[PDB]
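Structure file structure.cif with mmCIF, N, CA and C atoms:
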```cif
data_run
loop_
_atom_site.label_atom_id
_atom_site.label_comp_id
_atom_site.auth_asym_id
_atom_site.auth_seq_id
_atom_site.Cartn_x
_atom_site.Cartn_y
_atom_site.Cartn_z
N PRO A 1 -5.86 -7.40 -5.09
CA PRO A 1 -4.49 -7.63 -4.60
C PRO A 1 -4.39 -7.80 -3.09
N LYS A 2 -3.28 -8.39 -2.67
CA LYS A 2 -3.00 -8.64 -1.27
C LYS A 2 -2.05 -7.57 -0.74
N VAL A 3 -2.43 -6.95 0.38
CA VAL A 3 -1.60 -5.95 1.05
C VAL A 3 -0.99 -6.55 2.31
N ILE A 4 0.33 -6.44 2.42
CA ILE A 4 1.05 -6.89 3.61
C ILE A 4 1.73 -5.71 4.30
N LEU A 5 1.44 -5.54 5.59
CA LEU A 5 2.06 -4.47 6.38
C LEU A 5 3.30 -5.00 7.08
N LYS A 6 4.31 -4.15 7.20
CA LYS A 6 5.56 -4.51 7.87
C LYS A 6 5.89 -3.53 8.98
N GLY A 7 6.70 -3.98 9.94
CA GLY A 7 7.18 -3.12 11.00
C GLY A 7 6.07 -2.56 11.87
N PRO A 8 6.25 -1.33 12.38
CA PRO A 8 5.26 -0.70 13.27
C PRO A 8 3.88 -0.53 12.65
N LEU A 9 3.78 -0.54 11.33
CA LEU A 9 2.49 -0.35 10.66
C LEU A 9 1.51 -1.44 11.07
N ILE A 10 2.03 -2.63 11.37
CA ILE A 10 1.20 -3.75 11.77
C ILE A 10 0.40 -3.41 13.03
N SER A 11 1.08 -2.92 14.06
CA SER A 11 0.39 -2.58 15.30
C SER A 11 -0.43 -1.30 15.14
N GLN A 12 0.05 -0.38 14.31
CA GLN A 12 -0.63 0.90 14.11
C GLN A 12 -1.96 0.74 13.37
N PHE A 13 -2.01 -0.19 12.42
CA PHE A 13 -3.24 -0.49 11.70
C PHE A 13 -4.06 -1.58 12.39
N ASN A 14 -3.40 -2.39 13.20
CA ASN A 14 -4.02 -3.49 13.94
C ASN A 14 -4.38 -4.69 13.06
N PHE A 15 -3.66 -4.85 11.95
CA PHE A 15 -3.72 -6.07 11.17
C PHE A 15 -2.41 -6.22 10.41
N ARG A 16 -2.18 -7.40 9.83
CA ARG A 16 -0.92 -7.69 9.15
C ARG A 16 -1.11 -7.83 7.64
N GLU A 17 -2.18 -8.51 7.25
CA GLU A 17 -2.46 -8.75 5.84
C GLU A 17 -3.94 -8.60 5.56
N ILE A 18 -4.25 -8.08 4.38
CA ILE A 18 -5.63 -7.86 3.98
C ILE A 18 -5.71 -7.86 2.45
N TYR A 19 -6.80 -8.40 1.92
CA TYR A 19 -7.05 -8.35 0.48
C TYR A 19 -7.96 -7.16 0.15
N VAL A 20 -7.72 -6.54 -1.00
CA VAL A 20 -8.53 -5.43 -1.48
C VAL A 20 -8.82 -5.64 -2.96
N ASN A 21 -9.99 -5.22 -3.42
CA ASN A 21 -10.38 -5.48 -4.81
C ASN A 21 -9.82 -4.46 -5.80
N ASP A 22 -9.25 -3.38 -5.28
CA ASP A 22 -8.79 -2.27 -6.11
C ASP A 22 -7.63 -2.66 -7.02
N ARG A 23 -7.68 -2.20 -8.27
CA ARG A 23 -6.61 -2.45 -9.24
C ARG A 23 -5.76 -1.20 -9.47
N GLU A 24 -6.09 -0.12 -8.76
CA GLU A 24 -5.34 1.13 -8.81
C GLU A 24 -4.64 1.35 -7.47
N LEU A 25 -3.32 1.47 -7.50
CA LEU A 25 -2.53 1.50 -6.27
C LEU A 25 -3.00 2.59 -5.31
N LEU A 26 -3.23 3.79 -5.83
CA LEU A 26 -3.67 4.89 -4.98
C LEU A 26 -4.96 4.52 -4.25
N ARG A 27 -5.88 3.89 -4.96
CA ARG A 27 -7.16 3.50 -4.38
C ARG A 27 -6.98 2.41 -3.33
N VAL A 28 -6.02 1.51 -3.57
CA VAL A 28 -5.67 0.51 -2.57
C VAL A 28 -5.26 1.22 -1.28
N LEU A 29 -4.35 2.18 -1.41
CA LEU A 29 -3.82 2.88 -0.24
C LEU A 29 -4.90 3.69 0.46
N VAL A 30 -5.80 4.31 -0.31
CA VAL A 30 -6.87 5.10 0.28
C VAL A 30 -7.84 4.21 1.05
N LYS A 31 -8.10 3.01 0.53
CA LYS A 31 -9.00 2.08 1.21
C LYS A 31 -8.38 1.58 2.52
N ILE A 32 -7.08 1.34 2.49
CA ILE A 32 -6.35 0.91 3.68
C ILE A 32 -6.26 2.05 4.70
N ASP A 33 -5.95 3.24 4.21
CA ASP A 33 -5.62 4.38 5.06
C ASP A 33 -6.81 5.30 5.31
N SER A 34 -8.00 4.81 4.97
CA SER A 34 -9.21 5.63 4.88
C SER A 34 -9.40 6.62 6.03
N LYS A 35 -9.70 6.12 7.22
CA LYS A 35 -10.06 6.98 8.34
C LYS A 35 -8.91 7.20 9.31
N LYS A 36 -7.72 6.76 8.91
CA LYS A 36 -6.56 6.76 9.81
C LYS A 36 -5.53 7.81 9.42
N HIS A 37 -5.27 7.94 8.12
CA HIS A 37 -4.26 8.87 7.61
C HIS A 37 -2.90 8.59 8.23
N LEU A 38 -2.52 7.31 8.24
CA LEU A 38 -1.24 6.89 8.79
C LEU A 38 -0.14 6.89 7.73
N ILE A 39 -0.47 6.52 6.50
CA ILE A 39 0.54 6.40 5.44
C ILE A 39 0.35 7.42 4.32
N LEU A 40 -0.80 8.08 4.29
CA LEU A 40 -1.06 9.14 3.31
C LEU A 40 -1.24 10.49 3.98
N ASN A 41 -0.62 11.52 3.40
CA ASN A 41 -0.90 12.90 3.78
C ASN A 41 -2.33 13.24 3.37
N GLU A 42 -2.79 14.43 3.73
CA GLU A 42 -4.13 14.87 3.36
C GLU A 42 -4.26 14.98 1.84
N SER A 43 -3.14 15.18 1.17
CA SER A 43 -3.11 15.28 -0.29
C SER A 43 -2.99 13.90 -0.95
N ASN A 44 -3.20 12.85 -0.15
CA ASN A 44 -3.09 11.46 -0.61
C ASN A 44 -1.69 11.09 -1.12
N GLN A 45 -0.73 11.99 -0.95
CA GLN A 45 0.66 11.68 -1.26
C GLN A 45 1.23 10.81 -0.14
N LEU A 46 2.08 9.85 -0.50
CA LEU A 46 2.71 8.97 0.47
C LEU A 46 3.58 9.76 1.44
N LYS A 47 3.53 9.39 2.71
CA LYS A 47 4.40 10.02 3.70
C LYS A 47 5.82 9.53 3.50
N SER A 48 6.79 10.29 3.99
CA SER A 48 8.18 9.87 3.93
C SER A 48 8.39 8.70 4.88
N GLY A 49 9.42 7.91 4.61
CA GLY A 49 9.73 6.77 5.45
C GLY A 49 8.80 5.60 5.19
N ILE A 50 8.03 5.67 4.11
CA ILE A 50 7.20 4.55 3.68
C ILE A 50 7.56 4.13 2.26
N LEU A 51 7.88 2.85 2.11
CA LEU A 51 8.17 2.27 0.80
C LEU A 51 7.09 1.26 0.45
N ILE A 52 6.83 1.11 -0.85
CA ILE A 52 5.86 0.13 -1.31
C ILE A 52 6.50 -0.79 -2.34
N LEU A 53 6.40 -2.09 -2.08
CA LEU A 53 6.83 -3.10 -3.04
C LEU A 53 5.60 -3.74 -3.67
N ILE A 54 5.65 -3.91 -4.98
CA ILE A 54 4.65 -4.69 -5.69
C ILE A 54 5.35 -5.92 -6.25
N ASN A 55 5.00 -7.09 -5.73
CA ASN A 55 5.67 -8.33 -6.08
C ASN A 55 7.18 -8.22 -5.92
N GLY A 56 7.60 -7.55 -4.85
CA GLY A 56 9.01 -7.48 -4.49
C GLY A 56 9.79 -6.34 -5.11
N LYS A 57 9.13 -5.56 -5.97
CA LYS A 57 9.78 -4.46 -6.68
C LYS A 57 9.18 -3.11 -6.32
N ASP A 58 10.02 -2.07 -6.31
CA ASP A 58 9.58 -0.72 -5.98
C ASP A 58 8.40 -0.26 -6.84
N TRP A 59 7.39 0.29 -6.18
CA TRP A 59 6.13 0.65 -6.83
C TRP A 59 6.29 1.64 -7.99
N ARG A 60 7.31 2.48 -7.92
CA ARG A 60 7.47 3.53 -8.92
C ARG A 60 7.88 2.98 -10.28
N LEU A 61 8.37 1.74 -10.30
CA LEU A 61 8.72 1.09 -11.56
C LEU A 61 7.48 0.75 -12.38
N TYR A 62 6.33 0.65 -11.72
CA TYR A 62 5.12 0.14 -12.35
C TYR A 62 4.31 1.22 -13.07
N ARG A 63 4.61 2.48 -12.78
CA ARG A 63 4.02 3.60 -13.51
C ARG A 63 2.49 3.61 -13.43
N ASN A 64 1.95 3.25 -12.27
CA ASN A 64 0.51 3.25 -12.05
C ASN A 64 -0.23 2.41 -13.10
N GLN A 65 0.34 1.27 -13.46
CA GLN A 65 -0.34 0.33 -14.34
C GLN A 65 -1.37 -0.46 -13.55
N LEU A 66 -2.29 -1.11 -14.26
CA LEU A 66 -3.30 -1.95 -13.64
C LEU A 66 -2.66 -3.00 -12.74
N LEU A 67 -3.15 -3.09 -11.51
CA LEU A 67 -2.75 -4.16 -10.62
C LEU A 67 -3.53 -5.42 -10.99
N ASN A 68 -2.88 -6.57 -10.89
CA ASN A 68 -3.55 -7.84 -11.09
C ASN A 68 -4.00 -8.40 -9.75
N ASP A 69 -5.10 -9.14 -9.75
CA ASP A 69 -5.73 -9.63 -8.53
C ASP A 69 -4.77 -10.39 -7.61
N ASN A 70 -3.75 -11.01 -8.19
CA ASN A 70 -2.82 -11.83 -7.42
C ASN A 70 -1.53 -11.09 -7.04
N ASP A 71 -1.49 -9.78 -7.26
CA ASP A 71 -0.32 -8.99 -6.88
C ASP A 71 -0.19 -8.89 -5.37
N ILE A 72 1.05 -8.85 -4.89
CA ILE A 72 1.34 -8.70 -3.47
C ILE A 72 1.95 -7.33 -3.22
N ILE A 73 1.26 -6.53 -2.43
CA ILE A 73 1.69 -5.17 -2.11
C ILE A 73 2.22 -5.11 -0.68
N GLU A 74 3.51 -4.84 -0.52
CA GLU A 74 4.11 -4.72 0.80
C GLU A 74 4.32 -3.26 1.15
N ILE A 75 3.79 -2.84 2.29
CA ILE A 75 3.98 -1.47 2.77
C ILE A 75 4.96 -1.50 3.93
N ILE A 76 6.12 -0.88 3.72
CA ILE A 76 7.26 -1.01 4.62
C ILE A 76 7.72 0.35 5.15
N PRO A 77 7.69 0.53 6.48
CA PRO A 77 8.25 1.76 7.03
C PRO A 77 9.77 1.69 7.20
N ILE A 78 10.47 2.80 6.97
CA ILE A 78 11.91 2.87 7.16
C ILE A 78 12.30 4.10 7.96
N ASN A 79 13.50 4.08 8.54
CA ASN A 79 14.01 5.23 9.29
C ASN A 79 14.60 6.28 8.37
#
```
Structure re-expressed in structure tokens:
Amino acid sequence: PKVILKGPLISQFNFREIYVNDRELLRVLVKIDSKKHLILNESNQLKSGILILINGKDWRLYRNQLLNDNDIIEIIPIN
């Protein structure tokens, strides 16, 4: 799947878009957030003020189902 960063996350991660082979959302986030811990707490739980869209829809609707290779994951910070 394709990961797109929005807002301050772009400068904080130092990239805007990246592809990852992971089909499990948590693993996608861990690969992105590996040595930085910017969007995940130590418990790998998402930090507050971060939303995730999968193909334009809130991630929680998907119930941790298999991601397809062509899915677009948007990570969006909010106030």
Inset, instruction - Quick one: apply the PyMOL selection byres ((chain A and resi 15-18) around 5) to the file and drop the selected residues here as a list in words. - result: residues 2, 3, 4, 5, 10, 13, 14, 19 and 20 of chain A
If you count all atoms listed in the file, which residues fall within 8 Å of residue 23 of chain A, apart from same-chain ones fewer than 5 positions away, as a short mmCIF file (atom, residue, chain, number, x, y, z; two decimals) with N, CA and C atoms, in the coordinates of the input?
```
data_model
loop_
_atom_site.label_atom_id
_atom_site.label_comp_id
_atom_site.auth_asym_id
_atom_site.auth_seq_id
_atom_site.Cartn_x
_atom_site.Cartn_y
_atom_site.Cartn_z
N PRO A 1 -5.86 -7.40 -5.09
CA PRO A 1 -4.49 -7.63 -4.60
C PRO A 1 -4.39 -7.80 -3.09
N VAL A 28 -6.02 1.51 -3.57
CA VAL A 28 -5.67 0.51 -2.57
C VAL A 28 -5.26 1.22 -1.28
N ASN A 64 1.95 3.25 -12.27
CA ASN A 64 0.51 3.25 -12.05
C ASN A 64 -0.23 2.41 -13.10
N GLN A 65 0.34 1.27 -13.46
CA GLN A 65 -0.34 0.33 -14.34
C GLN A 65 -1.37 -0.46 -13.55
N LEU A 66 -2.29 -1.11 -14.26
CA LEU A 66 -3.30 -1.95 -13.64
C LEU A 66 -2.66 -3.00 -12.74
N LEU A 67 -3.15 -3.09 -11.51
CA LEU A 67 -2.75 -4.16 -10.62
C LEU A 67 -3.53 -5.42 -10.99
N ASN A 68 -2.88 -6.57 -10.89
CA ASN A 68 -3.55 -7.84 -11.09
C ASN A 68 -4.00 -8.40 -9.75
N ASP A 69 -5.10 -9.14 -9.75
CA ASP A 69 -5.73 -9.63 -8.53
C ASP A 69 -4.77 -10.39 -7.61
#
```
Legend entry - Point-to-point distance in Å for atom CA of residue 54 of chain A and atom CA of residue 74 of chain A: 6.5 Å
Inset, instruction - Could you tell me how far atom CA of residue 70 of chain A lies from atom C of residue 41 of chain A, in Å and to one decimal? - result: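 According to the coordinates, atom CA of residue 70 of chain A and atom C of residue 41 of chain A are separated by 27.3 Å.
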Legend entry - Backbone DSSP call of helix (DSSP H, G or I) for segment 31-75 of chain A, listed as a count of residues only: 6
Legend entry - Separation of atom CA of residue 48 of chain A from atom N of residue 22 of chain A, in Å and rounded to one decimal: 23.8 Å
Legend entry - Which residue of A:53, A:78, A:6, A:12 approaches residue 38 of chain A most closely, using all atoms listed in the file: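 Ranked by minimum distance to residue 38 of chain A, first place goes to A:12.
If only C-alpha atoms are the atoms counted, then among A:73, A:49, A:79, A:8 the closest residue to residue 32 of chain A is A:73.
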Need the axis-aligned box for segment 71-74 of chain A with 6 Å each side, so what are the centre and edges in Å to one decimal, as AutoDock Vina command-line options?
```
--center_x 1.4 --center_y -6.5 --center_z -3.1 --size_x 17.8 --size_y 18.5 --size_z 20.4
```
